[PDB]
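Read top to bottom, the protein sequences are chains B and A.
According to the entry's author numbering, the first sequence holds residues 21 to 117, 125 to 406 in order.
According to the entry's author numbering, the second sequence holds residues 21 to 118, 125 to 406 in order.
In what follows, a structure is listed as structure tokens, so that the remarks can point back to it.
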Amino acid sequence: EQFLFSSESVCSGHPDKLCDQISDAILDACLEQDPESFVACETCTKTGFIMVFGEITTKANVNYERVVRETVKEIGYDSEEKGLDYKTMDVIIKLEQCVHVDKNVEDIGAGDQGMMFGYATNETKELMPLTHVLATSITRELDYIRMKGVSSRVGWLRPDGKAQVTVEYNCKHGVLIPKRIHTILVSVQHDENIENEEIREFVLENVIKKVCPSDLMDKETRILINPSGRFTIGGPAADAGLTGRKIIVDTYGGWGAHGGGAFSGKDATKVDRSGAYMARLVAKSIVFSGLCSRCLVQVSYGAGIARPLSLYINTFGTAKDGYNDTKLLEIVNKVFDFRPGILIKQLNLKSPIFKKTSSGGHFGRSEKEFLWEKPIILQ
Amino acid sequence: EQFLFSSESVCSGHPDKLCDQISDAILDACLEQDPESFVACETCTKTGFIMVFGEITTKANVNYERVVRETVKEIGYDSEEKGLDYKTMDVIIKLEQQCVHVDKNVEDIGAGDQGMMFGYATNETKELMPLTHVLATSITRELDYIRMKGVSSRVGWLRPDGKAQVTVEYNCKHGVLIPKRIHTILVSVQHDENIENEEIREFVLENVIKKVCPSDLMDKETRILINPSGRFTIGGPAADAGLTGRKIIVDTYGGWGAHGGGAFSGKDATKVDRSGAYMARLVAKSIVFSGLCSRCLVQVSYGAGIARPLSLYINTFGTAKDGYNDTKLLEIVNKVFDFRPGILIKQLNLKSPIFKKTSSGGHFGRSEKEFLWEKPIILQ
Ligand SMILES: [Mg+2]
Ligand SMILES: [Mg+2]
Ligand SMILES: [Mg+2]
Ligand SMILES: [Mg+2]
Numbered sequence: 021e022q023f024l025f026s027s028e029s030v031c032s033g034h035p036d037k038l039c040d041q042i043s044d045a046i047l048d049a050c051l052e053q054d055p056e057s058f059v060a061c062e063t064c065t066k067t068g069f070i071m072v073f074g075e076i077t078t079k080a081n082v083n084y085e086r087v088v089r090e091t092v093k094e095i096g097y098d099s100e101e102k103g104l105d106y107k108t109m110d111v112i113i114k115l116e117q125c126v127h128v129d130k131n132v133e134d135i136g137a138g139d140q141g142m143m144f145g146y147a148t149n150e151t152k153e154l155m156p157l158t159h160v161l162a163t164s165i166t167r168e169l170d171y172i173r174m175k176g177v178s179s180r181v182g183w184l185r186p187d188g189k190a191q192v193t194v195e196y197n198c199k200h201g202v203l204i205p206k207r208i209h210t211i212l213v214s215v216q217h218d219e220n221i222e223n224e225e226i227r228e229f230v231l232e233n234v235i236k237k238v239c240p241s242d243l244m245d246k247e248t249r250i251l252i253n254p255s256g257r258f259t260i261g262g263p264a265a266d267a268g269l270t271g272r273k274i275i276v277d278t279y280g281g282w283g284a285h286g287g288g289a290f291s292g293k294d295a296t297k298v299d300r301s302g303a304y305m306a307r308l309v310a311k312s313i314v315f316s317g318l319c320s321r322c323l324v325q326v327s328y329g330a331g332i333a334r335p336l337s338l339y340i341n342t343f344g345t346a347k348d349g350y351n352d353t354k355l356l357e358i359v360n361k362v363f364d365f366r367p368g369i370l371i372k373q374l375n376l377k378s379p380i381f382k383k384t385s386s387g388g389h390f391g392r393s394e395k396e397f398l399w400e401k402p403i404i405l406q
Numbered sequence: 021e022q023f024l025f026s027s028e029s030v031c032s033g034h035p036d037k038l039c040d041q042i043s044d045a046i047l048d049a050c051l052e053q054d055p056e057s058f059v060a061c062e063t064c065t066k067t068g069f070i071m072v073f074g075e076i077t078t079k080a081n082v083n084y085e086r087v088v089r090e091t092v093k094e095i096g097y098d099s100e101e102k103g104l105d106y107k108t109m110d111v112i113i114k115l116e117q118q125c126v127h128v129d130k131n132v133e134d135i136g137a138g139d140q141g142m143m144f145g146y147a148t149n150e151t152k153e154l155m156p157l158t159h160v161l162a163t164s165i166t167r168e169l170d171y172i173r174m175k176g177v178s179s180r181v182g183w184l185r186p187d188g189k190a191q192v193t194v195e196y197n198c199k200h201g202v203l204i205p206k207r208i209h210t211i212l213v214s215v216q217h218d219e220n221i222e223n224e225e226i227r228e229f230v231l232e233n234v235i236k237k238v239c240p241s242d243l244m245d246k247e248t249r250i251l252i253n254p255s256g257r258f259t260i261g262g263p264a265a266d267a268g269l270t271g272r273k274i275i276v277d278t279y280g281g282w283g284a285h286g287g288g289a290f291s292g293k294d295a296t297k298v299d300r301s302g303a304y305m306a307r308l309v310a311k312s313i314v315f316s317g318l319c320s321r322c323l324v325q326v327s328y329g330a331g332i333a334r335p336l337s338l339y340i341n342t343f344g345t346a347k348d349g350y351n352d353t354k355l356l357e358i359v360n361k362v363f364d365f366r367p368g369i370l371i372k373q374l375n376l377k378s379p380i381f382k383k384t385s386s387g388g389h390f391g392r393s394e395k396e397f398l399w400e401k402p403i404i405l406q
């Protein structure tokens, strides 16, 4: 019994991801002056404009307009023909800003309700689904060549684009075993003076073949590169963008599950972010410890309440002999603490580490500053 | 054996949901005049304003500002103290308008983008939806109905914002989910200053919770939490920015199943994010309603410009009836169903102005006659 499954990723210049990055550049700018900052910073864009809007409580003195322009510049949007120009766009800033019983860190309530999921799988060394890894690898490599490669070689790349990878799998006892890459689709924005025939050679040789393992590719793997035609018109001029519109690219590529909350623009008291990060660490620690091959974790909160309203663990029948999901929950409850004050301290989430998370996926990441990717040995 | 799982919903006046409904009210206004309209309409909000942005190609002549005001009015934002006033808010419209192609029949029309979409169904409820999502949605839907239709002397204190979250305790046997009891009900409800939380708590328990949650799943240990953190007078856009497409889990399966990532609201039917997910729901629902399984997930994925899907996947979580497995079910699906976007759109009647109704209350598990993705087909 084989099956096909697909995941996607988008380039840092995709309009939705541009907004996630601005939202998190603003978060980081606040935190670097004031670690205690509250930030709910939303970003939206379309032809010729960016708006940042929401609520910030901070002691930082941040020039938001300048943070927005510098972010857009770093991404490569420096001409209206590319879909946006950091020099010329309009930047609209619409950011705004009782006795309580004294509370220790253990006592601090979640700031909202909602649920968050974490996921891990031993398919890859990142403990992520192969589909998501490959799609993400493609967009991340495109972005790195564009933003770091020599103009004579890659000066024709523009910021927008996407990738979608279909893997053919076998499943043996709930364990997922990739069999081959079935389809690789890449959309990449480009200057008018290069044609698609050239683009296809370049992407195949310098991106696809560099990040996809050759033992998973064969003469039947379908490679689709700008199949519909040329892609010169892109970015905000071609498609509106908004923060929190790429939540599946930011997480598991369709595997696992999602509670619905976006990550970018939100400080660590937003359990939508912090809870998902903790739930990743749990799932990843369970798989890394060899107690299962795949793991889904759900946590749920209520506004004002410190302890989660519920916790759930599923290992899809892959639990090691002598363990089940009942016992693993008991182990999780001995080791991990999902009360938000505790989790934020454990994961160092008042540090200005978030801009790097806002493209490339929040999970499966090697960066030393992401503590939710450094698994605990459990038994 | 046993486990806890939670799903949530929000009220129609939650700022993110307000944006979805504006987006779809504008979509419907276009379609009413011009069924061929292309619409990618995003909405955002914060204190004192609504902004509509994106791209529309239409012959319709729509007064966008009026549609935005009337939508907001209908939801009940008629005062600055409630978080928004349709009479005084700014409405900012930033909508834009838009090459030999081979002639194309309906079978040939390509998806307008890449992406993946999932559908899900489960025999837990008569809606073929997860109980957790049914219940949470039923709470928010009933709150909204009472507020927008109930007598002011009884319900005049309700304001438009709020949320609910329901935790069910389940038994799972061979992939089949059997609800055992409702474990926790949480409701957040916006209100006028002149009622206190203690009165709220009685009203909600008696006129909402007990009306929509089955008494045989509730017991004296069920935890009922109503505005637990304190009063909720300040809400809506004033209290929290809203954006189209930020409640995609509320819109679909409440954490069950899976999601491809795309929003639904503000999008005409050539957007496969919407139309593909709707078809994938019909598939999953038809498999379950046919008694071929107890639970079903379906993924479809597309490439921009390409009519046939790049992939299709079916998982029945080990619940397939004797003589069926996921390989054979996919063969059955491929005989009956057609995911090419031009075909899908016609079979689901998606050029009709039916979308505003989808934009609160969930897109799935719905009884309305105009939602053809909820009318299952008998398969074998
Ligand atoms: Mg988008
Ligand atoms: Mg949320
Ligand atoms: Mg929101
Ligand atoms: Mg999309």
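Note that beta-carbon positions come from the ideal geometry of N, C-alpha and C, so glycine has one too.
Is it right to say residue i is buried, meaning 16 or more other beta carbons lie within 10 angstroms of its own, or is it exposed?
{"i": "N341 of chain B", "result": "buried"}
{"i": "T353 of chain B", "result": "exposed"}
{"i": "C61 of chain A", "result": "buried"}
{"i": "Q117 of chain B", "result": "exposed"}
{"i": "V213 of chain B", "result": "buried"}
{"i": "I404 of chain A", "result": "exposed"}
{"i": "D242 of chain A", "result": "exposed"}
{"i": "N253 of chain B", "result": "buried"}
{"i": "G182 of chain A", "result": "exposed"}
Cβ-heavy atom distance between residue i and ligand 1 below 8 Å?
{"i": "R173 of chain A", "result": "no"}
{"i": "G268 of chain B", "result": "yes"}
{"i": "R272 of chain B", "result": "yes"}
Starting from residue i, trace the beta strand (DSSP E) both ways and give me its first and last residue.
{"i": "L184 of chain A", "result": "184–199"}
{"i": "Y339 of chain A", "result": "337–341"}
{"i": "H217 of chain B", "result": "202–217"}
{"i": "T148 of chain B", "result": "141–148"}
{"i": "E28 of chain A", "result": "22–30"}
{"i": "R307 of chain B", "result": "Here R307 of chain B belongs to no beta strand (DSSP E); instead the alpha helix (DSSP H) covers 298–315."}
{"i": "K66 of chain A", "result": "58–66"}
What residues of chain A sit near residue i, judged by a beta carbon separation below 9 Å?
{"i": "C31 of chain B", "result": "By Cβ distance, chain A contributes nothing, its closest Cβ being about 13 Å from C31 of chain B, past 9 Å."}
{"i": "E28 of chain B", "result": "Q140, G141, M142, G286, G287, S327"}
Under 7 Å Cβ-Cβ, which residues of chain B neighbour residue i?
{"i": "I332 of chain A", "result": "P254"}
{"i": "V59 of chain A", "result": "Residues of chain B passing the Cβ test: none, with the nearest at roughly 12 Å."}
{"i": "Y339 of chain A", "result": "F23, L24, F25"}
{"i": "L398 of chain A", "result": "Ordered by position in chain B, no residue passes the 7 Å Cβ test against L398 of chain A, which lies about 25 Å from the chain."}
{"i": "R272 of chain A", "result": "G271, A289"}
Name the chain A residues that come within less than 7 Å of residue i, Cβ to Cβ?
{"i": "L251 of chain B", "result": "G329"}
{"i": "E116 of chain B", "result": "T67"}
Taking 8 Å as the line, does the beta carbon of residue i fall inside it for any heavy atom of ligand 4?
{"i": "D139 of chain A", "result": "yes"}
{"i": "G287 of chain B", "result": "no"}
Within the continuous alpha helix (DSSP H) that includes residue i, where are the two ends?
{"i": "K175 of chain A", "result": "157–175"}
{"i": "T353 of chain B", "result": "352–362"}
{"i": "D48 of chain B", "result": "35–53"}
{"i": "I371 of chain A", "result": "367–373"}
{"i": "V230 of chain B", "result": "223–230"}
Verify whether the separation of the beta carbon atoms of residue i and residue j is less than 9 Å.
{"i": "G288 of chain B", "j": "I275 of chain B", "result": "no"}
{"i": "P263 of chain A", "j": "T67 of chain A", "result": "yes"}
{"i": "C239 of chain B", "j": "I165 of chain B", "result": "yes"}
{"i": "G103 of chain B", "j": "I208 of chain B", "result": "no"}
{"i": "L318 of chain A", "j": "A346 of chain A", "result": "yes"}
Between residue i and ligand 2, is there a pair consisting of the residue's CB and a ligand heavy atom that are separated by less than 8 Å?
{"i": "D187 of chain A", "result": "no"}
{"i": "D299 of chain B", "result": "yes"}
Taking 8 Å as the line, does the beta carbon of residue i fall inside it for any heavy atom of ligand 3?
{"i": "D294 of chain A", "result": "no"}
{"i": "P35 of chain A", "result": "yes"}
Going along chain B in order, which residues have a C-beta closer than 9 Å to the C-beta of residue i?
{"i": "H34 of chain A", "result": "Those within 9 Å of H34 of chain A in chain B number zero; the least Cβ separation is about 11 Å."}
Give me the chain A residues within the contact set of residue i, using Cβ-Cβ distance strictly less than 8 Å, ordered along the chain.
{"i": "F73 of chain B", "result": "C64, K66, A267"}
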